[PDB]
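Just the one chain here, laid out as structure tokens, in the form deposited in one PDB entry.
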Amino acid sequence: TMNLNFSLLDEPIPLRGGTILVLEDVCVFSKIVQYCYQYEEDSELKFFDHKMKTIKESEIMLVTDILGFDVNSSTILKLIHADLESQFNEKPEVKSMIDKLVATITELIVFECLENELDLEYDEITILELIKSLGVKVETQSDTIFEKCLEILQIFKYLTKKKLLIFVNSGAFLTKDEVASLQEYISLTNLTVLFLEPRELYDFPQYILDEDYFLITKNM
């Protein structure tokens, strides 16, 4: 489906499902990593899907610091909250029930308000405020770089707008089993993930890359 293509490359590389990509040469390795952080419209490196429609900065999700990756970023949390709200909208028997419950709870407070001396006014209580007040956030149970990768994988999956995930030099932290559970999940869930590796990652189906930008396959 997806392509990694730029000037110095013979053929555009296929990014289909899980994909390990070795860049033997230290210089091509950094060049490519860095062209990744530097990804933008004006960029050396182009990623695009089958329809040749190019993946934008925003659609890529790039991880080098696996531990550092924040699963409860505000950006993620806003989305989750907004998402949980729209779940309600699609079950109208429950939004009705939420509505009745808030309407009632509101009166009971306004009751105390009327009771209070002050001329007190008020707005409404929204589903979002309830979710936000409840403190819904992503579970952080993973206590290992490996467990973490899976969570990053889960989240990547969860963000429908993030289309490609790139782990950079992540092989270093992963038993052959772990790498396989990962690729397992990635097959299972239909994720396009790229692993920019500096050396061969065990004996998994994977692509390699000369200092000359010549492309061999391996372990098929």
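The term rigid core refers to the maximal set of C-alpha atoms that superpose within 1.5 Å between the two forms. Residues that one form lacks are left out of the comparison. A residue's number is simply how far along the shown sequence it sits, counting from 1.
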Inset, instruction - Using only the Cα atoms and their B-factors as the entry lists them, report which of 183-191 and 62-70 averages higher. - result: 183-191
Inset, instruction - Can you let me know which of the two, 162-170 or 22-30, has the higher average C-alpha B-factor in the entry? - result: 22-30
Inset, instruction - Using the entry's values, work out which of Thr75, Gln141, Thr106, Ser133 has the largest Cα B factor. - result: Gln141
Inset, instruction - Tell me, lowest, middle or highest third: where does the Cα B factor of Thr175 rank within its chain? - result: middle
Inset, instruction - Just say lowest, middle or highest third for the CA B-factor of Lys137 relative to the other modelled residues in its chain. - result: middle
Inset, instruction - Check where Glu121 lands among this chain's C-alpha B-factors and tell me if it's the lowest, middle or highest third. - result: middle
Inset, instruction - Sort the modelled residues of this chain by their C-alpha B factor and say whether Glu90 lands in the lowest, middle or highest third. - result: highest
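From this point on, the text means the form deposited in another entry, which you will not see here.
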Inset, instruction - Taking the shown form as the reference, report whether the CA atoms of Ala82 and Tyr185 lie closer or farther apart in that other deposited form; the distance changes by 3 angstroms or more. - result: closer
Inset, instruction - Might you say whether the CA atoms of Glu184 and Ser142 end up closer or farther apart in that other deposited form than in this form? Their distance differs by 3 Å or more. - result: farther
Inset, instruction - Report the moving segments between this form and the one not shown: consecutive residues, 3 or more per run, each with a CA shift of 2 Å or more after superposition on the core, given in sequence order. - result: 74-142
